[PDB]
J.: 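Submitted below is the structure of interest, expressed as structure tokens.
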Amino acid sequence: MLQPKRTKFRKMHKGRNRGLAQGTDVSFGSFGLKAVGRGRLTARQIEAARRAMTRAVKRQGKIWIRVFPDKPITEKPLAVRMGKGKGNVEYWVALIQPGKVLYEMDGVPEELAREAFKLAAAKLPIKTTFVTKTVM
Amino acid sequence: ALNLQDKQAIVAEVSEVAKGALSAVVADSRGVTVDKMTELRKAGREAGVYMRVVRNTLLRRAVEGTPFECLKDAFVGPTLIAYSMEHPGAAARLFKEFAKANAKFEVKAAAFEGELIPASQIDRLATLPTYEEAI
Amino acid sequence: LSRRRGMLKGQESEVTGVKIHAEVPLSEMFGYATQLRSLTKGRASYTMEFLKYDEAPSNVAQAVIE
Amino acid sequence: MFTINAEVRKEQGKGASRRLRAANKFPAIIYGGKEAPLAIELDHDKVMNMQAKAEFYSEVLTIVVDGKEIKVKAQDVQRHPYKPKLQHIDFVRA
Amino acid sequence: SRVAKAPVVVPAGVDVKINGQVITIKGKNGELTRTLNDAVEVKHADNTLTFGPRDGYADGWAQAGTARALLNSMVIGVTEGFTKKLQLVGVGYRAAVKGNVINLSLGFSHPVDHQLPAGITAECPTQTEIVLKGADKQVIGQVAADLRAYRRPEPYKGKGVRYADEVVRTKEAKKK
Amino acid sequence: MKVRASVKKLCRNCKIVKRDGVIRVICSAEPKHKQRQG
Amino acid sequence: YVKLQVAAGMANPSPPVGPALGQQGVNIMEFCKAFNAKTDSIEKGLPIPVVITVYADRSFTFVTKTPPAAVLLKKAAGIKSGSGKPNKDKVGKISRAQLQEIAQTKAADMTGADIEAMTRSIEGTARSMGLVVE
RNA sequence: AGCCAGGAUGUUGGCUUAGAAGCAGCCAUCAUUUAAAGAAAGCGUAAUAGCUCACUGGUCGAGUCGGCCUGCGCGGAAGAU
Ligand SMILES: [Mg+2]
Ligand SMILES: [Mg+2]
Ligand SMILES: [Zn+2]
């Protein structure tokens with residue numbers, strides 16, 4: 001369950017999620033799961049997808065998580081009225097824009113890499129795709 | 001290239017073996033076990049017989065260069081062409097005994113360097129003598 | 001036997017049938033002849049005698065409470 | 001051995017570039033050396049297949065514009081963030 | 001459709017009547033009549049039949065391919081016959097015929113009496129098998145299917161009515 | 001029959017067929033593989 | 001119509017022998033003496049395959065095969081086990097010279113007429129069983 | 001596509017295992033015969049057996065096989081007068 005060890009502020013504004021993504025290219029491994037849609041990846045969703053693919057690769061090769069949940073999401077408790085200050089932080093998400101590489105792996109065959117990424121993407125709330133490292 | 005060049009290669013050695021061979025027998029080998037065919041192949045090798053099954057389309061053009069264009073005529077059905085180099089007939093005799101022993105092994109056509117001997121006349125080559133008889 | 005989690009240690013055939021030797025817990029071998037007859041049309045028989053001890057699985061040990 | 005056909009762009013700018021990308025072409029630039037830079041427009045599919053091969057970024061490319069040939073090398077490629085498409089290419093005269 | 005490319009060769013002694021989409025075939029076995037689809041054009045060539053798609057029909061070749069199969073089956077049915085073999089598996093199941101009517105004992109509290117259609121005949125060489133003879137492939141297939149559906153074969157012991165050509169996939173029971 | 005949103009070939013002997021605008025997976029080797037989309 | 005692999009000189013003891021022919025309905029004593037004849041004529045104490053092909057018409061035929069290459073090579077290397085990791089452990093050493101006699105022994109079983117081909121096949125088996133071949 | 005054949009020999013590869021014989025799992029990964037046959041992609045067996053597939057030959061006589069973008073559709077889709 002990824003989470004910032006310390007933060008300068010406990011809570012932050014809702015903000016927006018406009019624009020396209022940085023970190024488009026495959027930088028560490030050989031294969032990658034790149035997002036196509038946009039949305040929020042919860043720490044729970046990220047760590048679940050990691051488990052899903054690390055069990056599929058039989059602990060072979062290396063896996064990199066290119067995203068990190070660092071935006072705290074607050075939630076008011078049930079049966080409370082509006083106002084009286086901002087709600088308490090409940091979970092952390094990572095804002096995602098199209099073209100963002102989320103996971104990366106190397107040291108496994110491509111055919112198995114696609115299966116691992118398929119099983120991982122089955123756990124993700126946003127559309128994804130499979131990409132391979134390119135030479136530019 | 002690829003399988004086409006593979007056919008280009010395949011036709012070459014069979015054409016050259018037909019050049020270097022003495023007698024030719026082509027027979028039907030349908031419904032025969034591999035463990036029975038392997039014994040036929042060992043027997044043929046022990047007596048100087050080269051027998052190979054190839055595609056009929058390839059083999060017509062393989063034997064066009066060879067003397068038996070007469071043999072080329074029929075080439076219908078499964079075909080195991082046998083080149084009786086060494087004593088002229090070691091293949092025909094074996095094919096006759098394998099026929100009565102293993103049914104479905106049909107002798108069909110055969111070649112006596114130019115004349116097309118049918119299945120009813122293979123006995124001439126089956127009964128030929130050995131070459132070293134001048135003594 | 002495998003469903004009864006009994007390690008099989010032998011499958012000696014015979015002119016009559018087949019003799020099978022295994023090691024199975026006493027507690028889970030309870031009521032075995034009925035099922036044996038059901039599986040073999042009542043055309044089989046078994047003899048059983050205590051052999052040794054082994055550690056019970058954690059779920060069984062947790063269930064055992066006094 | 002890698003040869004490409006291209007045309008000199010008539011209008012530069014974001015709107016024109018998007019017009020080309022919609023029209024199945026895409027722009028590229030050629031610079032380097034004494035000559036002034038040359039903005040070119042070229043088919044997307046042909047270059048996509050050419051770039052598919054890893055050697056596209058190793059050998060010397062040839063570009064045919066206005067019936068004359070220029071020796072270049074691929075310097076930088078801008079790809080579509082998620083779609084398998086090329087946005088832009090940088091060529092340096094070889 | 002390249003089944004429809006292949007022509008159907010009508011044999012001797014068989015007449016073909018074509019009235020547009022409606023055709024009639026008569027042979028030594030019997031008579032059949034069928035109304036073809038409007039999207040298929042049939043032509044009686046020189047002692048053979050040809051099929052094609054009409055113009056202005058999206059279906060076209062598929063309909064022509066279906067039509068060829070139907071006419072080929074009709075020709076076979078009028079020249080030779082169509083036969084089906086049914087086998088009864090069980091302790092007490094038996095069958096008999098009384099003139100286009102099969103009486104069956106299929107382990108029921110009542111006898112089963114099936115009345116055949118017009119051009120179907122049934123004979124019982126034994127009490128455990130049935131031979132159905134006809135000219136219409138679809139009709140004889142339907143009759144065999146109905147006879148099977150009276151007592152579909154049973155997965156644990158094969159008890160029921162099956163086809164002789166049929167292989168029944170059995171099963172096993174561990175009796176809990 | 002398994003009525004699911006996701007119907008798939010569970011084995012080589014499974015075949016996908018559309019029958020009434022409805023997708024059905026039929027298996028000649030295993031009844032448990034028979035599925036309908038719904 | 002069956003098959004077996006009774007050890008040499010062990011037809012008299014009937015642990016799986018008696019059962020096998022017992023179901024078929026064949027007399028053990030007659031098979032025993034006949035098998036024993038060949039099993040004693042050869043190195044006693046070795047798994048020797050036998051194609052006991054009794055025709056259901058109360059026939060009695062048997063064709064003993066050459067002992068398997070596995071046991072031949074493991075005895076030649078003086079090992080009573082096998083390579084768990086044929087690529088890594090690779091234990092038990094043999095000799096190219098030692099491949100010729102067993103090749104001659106089993107030449108009656110294979111099809112190729114080349115003795116070197118026979119040795120290449122048995123050493124292909126040797127690499128599978130992880131034997132140190134020079 | 002289909003249809004007719006073959007689909008093998010060391011060998012039951014080795015380890016492990018009650019059993020592991022192509023098909024529990026773990027390490028390879030051959031040669032031989034070939035037209036071709038995987039130290040096996042399935043089903044099946046306690047294990048065998050058996051039924052296949054890949055592959056190859058025969059037959060047939062014209063096109064055929066998949067992957068990528070993209071348009072419009074299909075199911076997913078149950079409420080109360
Ligand atoms: Mg604008
Ligand atoms: Mg098994
Ligand atoms: Zn299935």
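Basis for what follows: all heavy atoms, side chains included, without hydrogens, waters or symmetry-related copies. The chains referred to below are lettered A, B, ... by the order of the sequence lines, with proteins before strands, and numbering in each begins at 1.
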J.: Would you name the heavy atoms of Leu20(D) and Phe26(D) that are closest together and state the gap between them?
T.: CD2-C, 4.3 Å
J.: Using the P atom on both, measure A8(H) against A49(H) and round to a whole Å.
T.: 12 Å
J.: Between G44(H) and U52(H), how far apart are the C1' atoms? Round to whole Å, please.
T.: 10 Å
J.: Could you state the CE-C1' distance from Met110(G) to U34(H), rounded to the nearest angstrom?
T.: 16 Å
J.: Measure the distance from CG on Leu8(C) to P on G19(H) and round it to the nearest whole Å.
T.: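 Spelled out: CG on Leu8(C) to P on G19(H) is 10 Å.
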J.: How many Å lie between CG on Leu73(G) and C1' on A31(H), as a whole number?
T.: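 These atoms are roughly 13 Å apart.
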J.: Can you check the distance between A47(H) and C23(H), where both ends of the measurement are the P atom (answer in whole Å)?
T.: 10 Å
J.: So, is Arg41(B) close to the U32(H) phosphate, meaning a side-chain N or O under 4.0 Å from OP1 or OP2?
T.: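 Looking at the OP1 and OP2 atoms of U32(H), neither is under 4.0 Å from any side-chain N or O of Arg41(B).
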J.: Rounded to whole angstrom, note down the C1' distance from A37(H) over to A54(H).
T.: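 Per the computed distance, 9 Å lies between those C1' atoms.
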J.: Taking any heavy-atom pair under 4.0 Å as a contact, classify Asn56(B): base, sugar-phosphate, or nothing.
T.: sugar-phosphate
J.: Please tell me whether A5(H) and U56(H) form a Watson-Crick or G-U wobble pair, using a cut-off of 3.5 Å on both distances.
T.: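 WC or G-U pairing between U56(H) and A5(H): yes.
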J.: If you take atom types as modelled and just measure distance, does the side chain of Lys3(G) reach the base of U12(H) with a donor-acceptor pair under 3.5 Å?
T.: yes
J.: Quick check for you: among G10(H), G14(H), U32(H), whose closest atom lies nearest to any side-chain atom of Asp109(G)?
T.: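 Closest nucleotide among those given: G10(H).
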J.: For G25(H) and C15(H), do both pairing distances fall under 3.5 Å in a Watson-Crick or G-U wobble arrangement?
T.: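 Between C15(H) and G25(H) there is a Watson-Crick or G-U pair, with both distances under 3.5 Å.
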J.: How many Å lie between CG on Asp6(B) and P on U34(H), as a whole number?
T.: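 Spelled out: CG on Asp6(B) to P on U34(H) is 19 Å.
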J.: Using a 4.0 Å heavy-atom cut-off across all strands, classify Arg4(F) as base, sugar-phosphate, or nothing.
T.: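 Counting heavy atoms under 4.0 Å across all strands, no contact is made by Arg4(F).
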J.: Given a cut-off of 3.5 Å on both distances, is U9(H) paired to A31(H) by Watson-Crick or G-U wobble rules?
T.: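 The answer is yes: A31(H) partners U9(H).
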J.: Between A36(H) and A35(H), is the stacking condition met, i.e. ring centres under 5.5 Å and planes under 30 degrees?
T.: yes
J.: Before we go on, tell me: are the rings of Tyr46(C) and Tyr32(C) under 6.0 Å apart, centre to centre?
T.: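 Between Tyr46(C) and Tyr32(C), the centre distance is under 6.0 Å.
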J.: Would you kindly give the NZ-to-P distance between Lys65(G) and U12(H), to the nearest whole Å?
T.: 9 Å
J.: In this structure, are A46(H) and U45(H) stacked, using the six-membered base rings with centres under 5.5 Å and planes under 30°?
T.: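 Result for this step: unstacked.
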J.: If we only count Watson-Crick and G-U wobble pairs whose two distances fall under 3.5 Å, is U70(H) paired to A46(H)?
T.: no
J.: In the structure I gave you, are the side-chain heavy atoms of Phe98(B) and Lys36(B) within less than 4.5 Å of one another anywhere?
T.: yes
J.: So, the side chain of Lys34(A) versus the backbone of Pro81(D): is there a donor-acceptor pair under 3.5 Å, distance only?
T.: yes
J.: For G57(H), does OP1 or OP2 lie under 4.0 Å from any side-chain N or O of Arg30(B)?
T.: no
J.: Look at all strands and tell whether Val32(B) reaches a base, only sugar-phosphate, or nothing, counting heavy atoms closer than 4.0 Å.
T.: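 Sugar-phosphate only.
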J.: Suppose we define a pair by two distances each less than 3.5 Å, Watson-Crick or G-U wobble; what does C60(H) pair with here?
T.: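 Checking every strand shown, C60(H) finds no partner, since no pair has both distances under 3.5 Å.
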J.: Indicate, with a heavy-atom threshold strictly under 4.0 Å, whether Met118(G) touches base, sugar-phosphate, or nothing.
T.: sugar-phosphate
J.: Take the protein atom CD of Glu172(E) and the nucleotide atom P of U45(H), then report the distance between them rounded to whole Å.
T.: 7 Å
J.: Classify the nucleic acid contact of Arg45(B) as base, sugar-phosphate or nothing, counting any heavy atom under 4.0 Å across all strands shown.
T.: sugar-phosphate
J.: The criterion is ring-ring contact (aromatic ring centres under 6.0 Å, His included); which residues satisfy it with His88(D), sequence neighbours excluded?
T.: none
J.: Assign each of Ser81(G) and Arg52(B) to its nearest nucleotide of RNA chain H by heavy atoms, then name whichever residue's nucleotide is nearer the 5' end.
T.: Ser81(G)
J.: To the side chain of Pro86(G), which of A28(H), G58(H), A31(H) is closest?
T.: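 Output: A28(H).
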J.: Once you round it to whole Å, what is the distance between P of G57(H) and CG of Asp28(B)?
T.: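 It is 16 Å, rounded to the nearest whole Å.
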J.: Which sugar class, north or south, is indicated for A62(H) by the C1'-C2'-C3'-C4' dihedral?
T.: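 The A62(H) sugar sits on the south side, the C2'-endo region.
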J.: Quickly work out the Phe105(B) CZ to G57(H) P distance and round it to whole Å.
T.: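 So the CZ-P distance, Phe105(B) to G57(H), works out to 19 Å.
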J.: Less than 4.0 angstrom between a side-chain N/O of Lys106(G) and OP1 or OP2 of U11(H), yes or no?
T.: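 Yes, within the criterion.
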J.: Can you tell me if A20(H) puckers north or south, using the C1'-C2'-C3'-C4' torsion sign?
T.: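 On the sign test, where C1'-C2'-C3'-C4' is negative, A20(H) is classed south.
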J.: What's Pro68(G) touching, base or sugar-phosphate or nothing? Going by heavy atoms closer than 4.0 Å.
T.: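 The residue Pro68(G) makes sugar-phosphate contact but no base contact.
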J.: Could you tell me whether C53(H) and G38(H) make a Watson-Crick or G-U wobble pair, using a cut-off of under 3.5 Å for both distances?
T.: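 The answer is yes: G38(H) partners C53(H).
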J.: In terms of the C1'-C2'-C3'-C4' torsion, is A39(H) a north or a south sugar?
T.: south
J.: Shortest non-hydrogen contact from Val14(B) to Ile10(B)?
T.: CG2-O, 3.4 Å
J.: I'd like to know if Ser121(G) reaches the base of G10(H) with its side chain such that a donor and an acceptor end up less than 3.5 angstrom apart.
T.: no
J.: Name the nucleic acid region contacted by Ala70(G), choosing base, sugar-phosphate or nothing; use a 4.0 angstrom heavy-atom cut-off, strictly under.
T.: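 Sugar-phosphate, no base atom in range.
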J.: Which is true for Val22(F) with a 4.0 Å heavy-atom rule: it touches a base, it touches only sugar-phosphate, or it touches nothing?
T.: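 Answer is nothing: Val22(F) stays at 4.0 Å or more from every strand.
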J.: May I ask you to say what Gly84(G) touches in the nucleic acid, namely base, sugar-phosphate or nothing, with a heavy-atom cut-off under 4.0 Å?
T.: base
J.: Hey, can you pull the donor-acceptor pairs under 3.5 Å for the side chains in residues 4-29 of chain F, sequence neighbours left out?
T.:
from: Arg4(F); atom 1: NE; to: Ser6(F); atom 2: O; distance (Å): 3.3

J.: Tell me whether the bases of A24(H) and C23(H) count as stacked, where stacked means ring centres under 5.5 Å and an interplanar angle below 30 degrees.
T.: no
J.: Using a 3.5 Å distance criterion without hydrogens, assess whether the side chain of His44(D) forms a donor-acceptor pair with backbone atoms of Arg21(D).
T.: no
J.: Can you tell me, in whole Å, how much space there is between the P of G6(H) and that of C51(H)?
T.: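 It comes out at 12 Å once rounded to the nearest Å.
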J.: Counting only side-chain N and O atoms of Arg55(B), is one of them less than 4.0 Å from OP1 or OP2 of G58(H)?
T.: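 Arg55(B) to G58(H) OP1/OP2: no side-chain N or O under 4.0 Å.
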J.: For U11(H), does the base pair up with any side-chain atom of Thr125(G) as donor and acceptor (N or O, under 3.5 Å, distance only)?
T.: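 Between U11(H) and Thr125(G), which were checked side chain against base, a qualifying N/O pair under 3.5 Å is present.
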J.: Rounded to whole angstrom, note down the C1' distance from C4(H) over to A20(H).
T.: 37 Å
J.: Using heavy-atom distances to pick each residue's nearest nucleotide on RNA chain H, tell me which of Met51(B) and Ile23(F) is more 5'.
T.: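 Looking at RNA chain H, the more 5' nearest nucleotide goes with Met51(B).
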J.: So, do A18(H) and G19(H) stack if we ask for centres under 5.5 Å and planes under 30°?
T.: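 Pair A18(H), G19(H) comes out stacked.
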J.: Tell me yes or no: between the side chains of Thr134(A) and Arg79(D), is some donor less than 3.5 Å from an acceptor?
T.: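 Yes, because at least one side-chain N or O of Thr134(A) sits under 3.5 Å from a partner of the opposite role on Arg79(D).
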